[PDB]
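The data below hold one chain only, encoded as structure tokens and taken in the form deposited in one PDB entry.
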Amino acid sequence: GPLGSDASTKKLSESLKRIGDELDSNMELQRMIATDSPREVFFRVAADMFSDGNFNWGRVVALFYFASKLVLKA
């Protein structure tokens, strides 16, 4: 409503809109859902995502974006 809130909300929504579309247009992902135990796929992908020791929340969210399509779609 207020002008300060409307602008900060707009900028934040666009930034999250951009990251959201990057996940949905991830072509390496779209090809992976297409030897296929979902648990093993999840653990092999999850192991590779965190092999460098960095376990941050954005990576976990991306991992569960992957898990949702892996479980529900395929």
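Residues that one form lacks are left out of the comparison. We number the residues from 1 along the sequence you see. Under this definition, the rigid core comprises the largest set of C-alpha atoms superposing within 1.5 Å between the forms.
Unmodelled residues of the deposited sequence between neighbouring positions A34 and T35 number 1 to 3. Comparing 25-33 with 43-51, the stretch with the higher mean C-alpha B-factor in the PDB entry is 25-33.
When all modelled residues of the chain are sorted by CA temperature factor, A7 is found within the middle third.
Form deposited in another entry: not shown, discussed below.
After superposition on the rigid core, the Cα of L12 moves by 2 Å or more between this form and the one not shown. In the core-superposed comparison between this form and the one not shown, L63 has its Cα shifted by less than 2 Å. Core-superposed comparison between this form and the one not shown places the only run of three or more consecutive residues whose CA atoms all shift by 2 angstroms or more at 6-34.
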